[PDB]
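Input: a single structure, listed below in structure tokens.
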Amino acid sequence: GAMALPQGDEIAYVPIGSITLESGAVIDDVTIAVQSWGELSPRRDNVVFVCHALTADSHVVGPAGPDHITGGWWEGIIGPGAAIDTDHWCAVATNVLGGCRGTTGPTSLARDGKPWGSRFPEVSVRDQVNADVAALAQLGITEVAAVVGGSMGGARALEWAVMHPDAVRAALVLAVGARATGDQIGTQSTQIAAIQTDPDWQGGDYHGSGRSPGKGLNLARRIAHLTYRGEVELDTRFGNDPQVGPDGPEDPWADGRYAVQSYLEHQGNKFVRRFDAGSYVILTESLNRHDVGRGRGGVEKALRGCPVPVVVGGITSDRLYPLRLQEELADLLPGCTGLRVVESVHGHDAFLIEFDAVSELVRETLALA
Amino acid sequence: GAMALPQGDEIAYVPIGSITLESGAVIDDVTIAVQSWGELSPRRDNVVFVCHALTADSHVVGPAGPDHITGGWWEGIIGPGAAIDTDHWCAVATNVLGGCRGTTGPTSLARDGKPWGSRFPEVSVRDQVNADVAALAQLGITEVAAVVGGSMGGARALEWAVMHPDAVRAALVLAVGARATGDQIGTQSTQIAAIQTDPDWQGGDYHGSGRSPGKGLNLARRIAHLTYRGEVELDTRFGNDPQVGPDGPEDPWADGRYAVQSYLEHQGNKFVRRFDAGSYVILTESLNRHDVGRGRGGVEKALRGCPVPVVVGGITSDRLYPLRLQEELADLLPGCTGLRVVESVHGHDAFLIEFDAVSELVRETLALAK
Ligand SMILES: [K+]
Ligand SMILES: [K+]
């Protein structure tokens, strides 16, 4: 019969067998890491599937621990009486295909007894969706009430709705576009270059070598983190202030740092301790090939042809997925009644920070379901 | 007698002696590279000083040629009948202190016969103004009719106007802010890190070693280039198209590149062949140190106290020095009657591309200097 759902901090590892990718290549022996909160209803029709973003994982809520290097990335969104109210809904989240937090990816051991590494194939967002759908099938779940996500999570949710409109009752698509843009591919390809030019990248087969491309991954994360924040907030929070230490300001003209510089350095250092460079490359490449129109006659035809009820949200200060992209989605999707604009200074990261606004968008989506 | 001004493509190398910087550090034996166009008046009062931006040089107009690895970066702005009309004005431009196109910088040889390299002291925008003023004095010039610049050049022009209001009759401050911002220091410090973490940076003393931090400088330039362009521009020009070469389209599902990726790579590759990594770091740190308010009671006090008439311009699509920064400049400077908005898809780089718009701003400025 079906595999049982885990609960809470517990990760279930769901084998889905060999999978055929959009490219026609095959990945053998794929395992999908899954977490869940709330009881699955008898008819298995109350699932809210949460698609995590580029550097997040299946741990949507909960504490950090030996199984969870980071705490929940959407704290308070899932729980009793929360937006995803676990008294009524069953929240489910996977780690994306190509990830490094339990699902098969570059750090995983392959059949030949060596890390996947450079042998891990290129994947698309559609491959990621179909791996999640396959995992749900192994859990006995053949439809979802809603699929929700922001950023790369929004790309997954959008493709899911377009690919499986008869198996989704509603979707939340937050802070993403219908396809990768020139600016996105520009910065993302530069981040990949920072990793791959690091001497310890070793062609991507550094796993188990004792060395890793930490300097390159650190730089890649710093590049990305700026794209995730708002321009004004960076100037009001940091401006050109020096870093303030316990007993006073540093001197940026000597050995000291600017406050924004110290902030970015700390973000980069923490990230390298928590994330795999090869996964970062695979997942960033999947974002570069995000395109809901591919094989479907273009973006307009694909979106106009999707009947799923959809809440589309965008953020005023988002510099990576600017509001014009969500205006396009909201216009073209016939199941979207109009763009929801999140007013926030926090840039793209507002979808993680603006608790009340995001809760309202999630509640609206589940009401549609 | 005062040193003679050069003309046209000719570079003059003006010694100004040893200089003490704002930090207290010293640079021995500073030499400033200078170019000039047009005749200096008998009163020596018709100089229009052009401040170049981060990766530009003294060669404001003219072709690439035997002595100029790049052609003029503001072609058509200087000449007979042009916006800087050499029938009336004497245009002068230096290579900035810390640069790598003729003026003393980290590639220059120090008194021990090795490049300054890691010994080159960090400079501020104010140091760069003081060095240009010192070079002008060696050329017999103690005042300028106008000082003009965009981007880093705008920071130099703004500081010059605030520092020497008695010796400037007008300024053009284009596509810059009153101080470095959080986002600017963020991206600039990351560009510096790309260079300094390169395995061949060697603390900045890579010269003559057989290894150089070209890969890191290439990455730094790609990061910067994105900040210089417009978001919509990049999506309309490249979108997610694959690169097309002589033999057809590349395939990003395998080893091929996207068109925007190939564009950035090519920009980086060309750049590393004609710019020095240590100079890039020094000049980028000078931008981190830009702050017209320092030692003057803050930005608002410094700007409100500047009596120079100023044309402030900003670009609608600029992502590095967004329009809100020029709105602040235009509001606080009493010599600005209102922001001039340049409509362009090209982002920050519009100040180099939008010739008609920039020509108009330069003409407006020089009319205020008369
Ligand atoms: K619609
Ligand atoms: K004013």
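Identifiers for the structure tokens are assigned positionally: chains receive A, B, ... in sequence, residues are indexed from 1 per chain, and ligands are indexed from 1 in the order shown.
The contact shell of ligand 2, defined as all polymer residues within 8 Å when only C-alpha atoms and all ligand atoms are used, comprises residues 329, 330, 331, 332, 333, 334, 335, 336, 337 and 338 of chain B.
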Preceding selection exported with N, CA, C and O atoms as a JSON list (two decimals), in the first residue's frame:
```
[["chain", "number", "residue", "atom", "x", "y", "z"],
["B", 329, "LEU", "N", 19.73, 65.23, -4.51],
["B", 329, "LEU", "CA", 20.68, 66.25, -4.92],
["B", 329, "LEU", "C", 19.98, 67.49, -5.44],
["B", 329, "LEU", "O", 20.34, 68.62, -5.09],
["B", 330, "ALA", "N", 18.99, 67.31, -6.32],
["B", 330, "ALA", "CA", 18.36, 68.46, -6.95],
["B", 330, "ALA", "C", 17.60, 69.28, -5.91],
["B", 330, "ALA", "O", 17.58, 70.52, -5.98],
["B", 331, "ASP", "N", 17.03, 68.62, -4.91],
["B", 331, "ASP", "CA", 16.29, 69.33, -3.88],
["B", 331, "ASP", "C", 17.22, 70.12, -2.96],
["B", 331, "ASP", "O", 16.93, 71.27, -2.62],
["B", 332, "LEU", "N", 18.33, 69.52, -2.53],
["B", 332, "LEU", "CA", 19.14, 70.14, -1.49],
["B", 332, "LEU", "C", 20.13, 71.18, -2.02],
["B", 332, "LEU", "O", 20.46, 72.13, -1.30],
["B", 333, "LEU", "N", 20.63, 71.02, -3.23],
["B", 333, "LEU", "CA", 21.56, 72.01, -3.77],
["B", 333, "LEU", "C", 20.79, 73.28, -4.12],
["B", 333, "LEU", "O", 19.91, 73.23, -4.98],
["B", 334, "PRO", "N", 21.11, 74.43, -3.52],
["B", 334, "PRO", "CA", 20.36, 75.64, -3.87],
["B", 334, "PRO", "C", 20.56, 76.07, -5.31],
["B", 334, "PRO", "O", 19.69, 76.76, -5.86],
["B", 335, "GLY", "N", 21.67, 75.68, -5.93],
["B", 335, "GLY", "CA", 21.96, 76.01, -7.31],
["B", 335, "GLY", "C", 21.29, 75.14, -8.34],
["B", 335, "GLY", "O", 21.52, 75.36, -9.54],
["B", 336, "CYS", "N", 20.47, 74.18, -7.93],
["B", 336, "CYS", "CA", 19.71, 73.33, -8.85],
["B", 336, "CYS", "C", 18.25, 73.75, -8.80],
["B", 336, "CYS", "O", 17.65, 73.76, -7.73],
["B", 337, "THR", "N", 17.69, 74.09, -9.96],
["B", 337, "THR", "CA", 16.30, 74.50, -10.05],
["B", 337, "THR", "C", 15.35, 73.33, -10.27],
["B", 337, "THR", "O", 14.13, 73.53, -10.26],
["B", 338, "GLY", "N", 15.87, 72.13, -10.46],
["B", 338, "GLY", "CA", 15.03, 70.97, -10.64],
["B", 338, "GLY", "C", 15.73, 69.87, -11.41],
["B", 338, "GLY", "O", 16.50, 70.14, -12.34]]
```
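The interface of chain A with chain B at 6 Å, considering only C-alpha atoms, consists of residues 181, 182, 183, 186, 231, 234, 235, 238, 239, 240, 260 and 261 of chain A.
Residues with any atom within 8 Å of residue 8 (chain B), counting only C-alpha atoms and excluding same-chain neighbours fewer than 3 positions away, are residues 35, 36, 37 and 62 of chain B.
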Per residue of chain A within 6 Å of ligand 1, what are the shortest atom pair and its distance in Å to one decimal, counting only C-alpha atoms and all ligand atoms, with rows by chain and residue number, as JSON lines?
```
{"residue": "A:330", "atom": "CA", "partner": "ligand 1", "partner_atom_place_in_ligand_line": "1 (K)", "distance": 5.0}
{"residue": "A:331", "atom": "CA", "partner": "ligand 1", "partner_atom_place_in_ligand_line": "1 (K)", "distance": 4.1}
{"residue": "A:332", "atom": "CA", "partner": "ligand 1", "partner_atom_place_in_ligand_line": "1 (K)", "distance": 5.1}
{"residue": "A:333", "atom": "CA", "partner": "ligand 1", "partner_atom_place_in_ligand_line": "1 (K)", "distance": 4.6}
{"residue": "A:334", "atom": "CA", "partner": "ligand 1", "partner_atom_place_in_ligand_line": "1 (K)", "distance": 4.3}
{"residue": "A:336", "atom": "CA", "partner": "ligand 1", "partner_atom_place_in_ligand_line": "1 (K)", "distance": 4.5}
{"residue": "A:337", "atom": "CA", "partner": "ligand 1", "partner_atom_place_in_ligand_line": "1 (K)", "distance": 5.3}
```
Since we have the selection now, will you write its residues out, keeping N, CA and C atoms, as an mmCIF file, in the first residue's frame?
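Listed below is the output, part27.cif:
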```
data_model
loop_
_atom_site.group_PDB
_atom_site.id
_atom_site.type_symbol
_atom_site.label_atom_id
_atom_site.label_comp_id
_atom_site.auth_asym_id
_atom_site.auth_seq_id
_atom_site.Cartn_x
_atom_site.Cartn_y
_atom_site.Cartn_z
ATOM 1 N N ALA A 330 -0.900 37.633 -13.989
ATOM 2 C CA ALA A 330 -2.259 37.893 -13.538
ATOM 3 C C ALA A 330 -3.175 38.212 -14.709
ATOM 4 N N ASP A 331 -2.660 38.931 -15.705
ATOM 5 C CA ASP A 331 -3.451 39.258 -16.885
ATOM 6 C C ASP A 331 -3.800 38.010 -17.690
ATOM 7 N N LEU A 332 -2.821 37.130 -17.914
ATOM 8 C CA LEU A 332 -2.988 36.036 -18.863
ATOM 9 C C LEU A 332 -3.679 34.813 -18.273
ATOM 10 N N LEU A 333 -3.487 34.530 -16.991
ATOM 11 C CA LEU A 333 -4.146 33.378 -16.382
ATOM 12 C C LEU A 333 -5.634 33.667 -16.225
ATOM 13 N N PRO A 334 -6.522 32.895 -16.850
ATOM 14 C CA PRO A 334 -7.950 33.232 -16.765
ATOM 15 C C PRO A 334 -8.539 32.996 -15.393
ATOM 16 N N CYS A 336 -7.091 33.887 -12.624
ATOM 17 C CA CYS A 336 -6.636 34.948 -11.739
ATOM 18 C C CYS A 336 -7.515 36.172 -11.940
ATOM 19 N N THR A 337 -8.105 36.662 -10.855
ATOM 20 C CA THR A 337 -9.006 37.804 -10.925
ATOM 21 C C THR A 337 -8.290 39.141 -10.788
#
```
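For residue 150 (chain A), the non-local neighbours within 10 Å, defined as residues at least 2 positions apart in the same chain or in other chains and counting only C-alpha atoms, are residues 50, 51, 52, 53, 54, 148, 152, 153, 154, 155, 156, 157, 158, 172, 173, 174, 175, 176, 312, 313, 314, 348, 349, 350, 351, 352 and 358 of chain A.
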Selection near residue 48 (chain A), 6 Å with only C-alpha atoms, sequence-local residues under 5 positions removed, as a PyMOL selection string: chain A and resi 90-91+145-147
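Of the listed residues A:185, A:144, A:224, A:27, the one whose atoms come nearest to residue 242 (chain B) is A:185, with distances taken using only C-alpha atoms.
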Alpha helix (DSSP H) per DSSP on the backbone: members of region 95-166 of chain A, as a VMD selection string: chain A and resid 125 to 138 152 to 163
